Structures are given as structure tokens and as C-alpha cells.
Amino acid sequence: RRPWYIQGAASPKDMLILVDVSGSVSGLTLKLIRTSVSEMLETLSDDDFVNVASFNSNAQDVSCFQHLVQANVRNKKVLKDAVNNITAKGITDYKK
Amino acid sequence: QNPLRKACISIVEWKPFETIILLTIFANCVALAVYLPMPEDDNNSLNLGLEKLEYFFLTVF
């Protein structure tokens, strides 16, 4: 997980974490999804770009960004603080 | 009280009808055993295919 390893082990990325906030993920699945998205963001460096969508019968962004941002310490902090507020309710629609 | 102008159906009630109803109430009980309840208003395909098929059971009874 170290910066030097994750740097020398691949090329810069354009990640788009697509959380599922349907009703069925409510309970323990939602908690594990929050912790997982955070621990996944912690594997991004400053050359990689990231954004966290979220879909439940409607696909919306999870934060104030609406496009791929640079994944530095401040942007990752924004994304984590916005993911920790996710709630689960609705139907699922993978096409949206 | 009422005369025999309404009884267009009294003849059919004494047919082997209770079998058609005892095997219609069984499919309606099985259509409640396969219903899978999901948390917080979620739903899947089959649960939507059983809410329509409930009008077919609400009309026979």
C-alpha cells in the first residue's frame, strides 16, 4: 500500500468508484462499502484522478465535484467525508 | 326471499368446484412463499411479477 510501491507497480489511473446505495445494501453491507471506498481512495496518488458516483434508480454524484478531480489530500478528504454520509434507500438500476 | 331469476350460477356451485378452489388457494399460498422481502423499498424482478399475478388471484376469489 505504500506510495513508492503503488507508484512503481502500475501507471496513473482515471478511477470512477461507483457505489451502490440501493435499498438492499442497507445494514452491514453499507458500512463495509463505506469503509472499503475509503480504504480504496487511500491507494491513490496525485497523478491519478478519481470521482465517486452513486446509483439507486438514479445515478448522481456523491459530492460537489461532478467530474474527475486530481485525488490529492484535500480532494480525497472531501470524497471520504461525502461517502461517510451515504444512506441506502430505493431500487437498483445498473443501466443508469 | 329472492326468486330464481338471479340463479344463473347456482347450478355450477355443486360441480367439482371446491377442487378448483382448493387448488387455486394453493397456488396463492405458494405465491406468498416465494415472495422475497427486501429492505427499504427495494425490489427485484420476480417480486414485481408476483404483484401483478395477485390481481389474478384477487379476481377468482
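Please treat every number below as a calculation from the coordinates, not as lab data. For neighbour counting, all protein chains shown are included, and Cβ atoms are generated from backbone atoms with ideal geometry for every residue, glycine included.
Based on what the data block shows, is B:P3 surrounded by 11 or more Cβ atoms within 10 Å (Cβ to Cβ) and more than 17 Å from the chain's Cα centre (by Cα)?
On the way: surrounded by 11 or more Cβ atoms within 10 Å (Cβ to Cβ): no; more than 17 Å from the chain's Cα centre (by Cα): yes.
No, not satisfied.
Can you list the helices (runs of 4 or more DSSP H) found entirely within region B:17-61 that contain at least 3 residues being more than 24 Å from A:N56 (Cα to Cα)?
B:17-22, B:24-33, B:53-60
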Condition met for A:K13 (touching an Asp or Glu at 6+ places or on another chain (Cβ under 9 Å), away from chain B (no Cβ under 14 Å) and either farther than 24 Å from B:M38 by Cα or among the basic types (K, R) (or both)): yes
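Looking at the structure I just gave you, is A:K76 within 14 Å of chain B (Cβ to nearest Cβ) and among the basic types (K, R)? Break it down into steps so the answer makes sense when it comes.
Working: within 14 Å of chain B (Cβ to nearest Cβ): no; among the basic types (K, R): yes.
Answer is no for this residue.
Considering only region A:27-48, how many residues are closer than 13 Å to A:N85 by Cα and either surrounded by 13 or more Cβ atoms within 10 Å (Cβ to Cβ) or within 14 Å of another protein chain (Cβ to nearest Cβ) (or both)?
Residues that pass the stated criteria total 6.
Restricting to region B:37-60, name every residue that is within 14 Å of another protein chain (Cβ to nearest Cβ) and surrounded by 10 or more Cβ atoms within 10 Å (Cβ to Cβ). Talk me through it step by step, then tell me what you get.
Quick first cut of region B:37-60, residues within 14 Å of another protein chain (Cβ to nearest Cβ) only: B:37-48, B:51.
Within region B:37-60, B:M38, B:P39, B:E40, B:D41, B:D42, B:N43, B:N44, B:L46, B:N47, B:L48, B:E51 qualify.
Looking only at region A:16-26, which residues are within 21 Å of A:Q66 (Cα to Cα) and within 14 Å of chain B (Cβ to nearest Cβ)?
Step one: filter region A:16-26 for residues within 21 Å of A:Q66 (Cα to Cα), giving A:16-22.
Of everything in region A:16-26, those that are within 21 Å of A:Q66 (Cα to Cα) and within 14 Å of chain B (Cβ to nearest Cβ) turn out to be A:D20, A:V21, A:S22.
Determine which member of the set A:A71, A:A53 is more than 30 Å from B:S45 (Cβ to Cβ) and not in a helix (DSSP H, G or I).
Values: A:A53 fails: more than 30 Å from B:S45 (Cβ to Cβ).
Step by step, each of A:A71, A:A53 is checked, and only A:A71 is more than 30 Å from B:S45 (Cβ to Cβ) and not in a helix (DSSP H, G or I).
Do we have A:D61 as over 17 Å from A:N85 (Cα atoms) and out of contact with any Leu (no Cβ under 8 Å at 6 or more places or on another chain) here?
On the way: over 17 Å from A:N85 (Cα atoms): no; out of contact with any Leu (no Cβ under 8 Å at 6 or more places or on another chain): yes.
Criteria not met by A:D61.
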All positions within region A:64-96 that are surrounded by 13 or more Cβ atoms within 10 Å (Cβ to Cβ) and β-branched (V, I, T): A:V69, A:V78, A:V83, A:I86, A:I91, A:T92
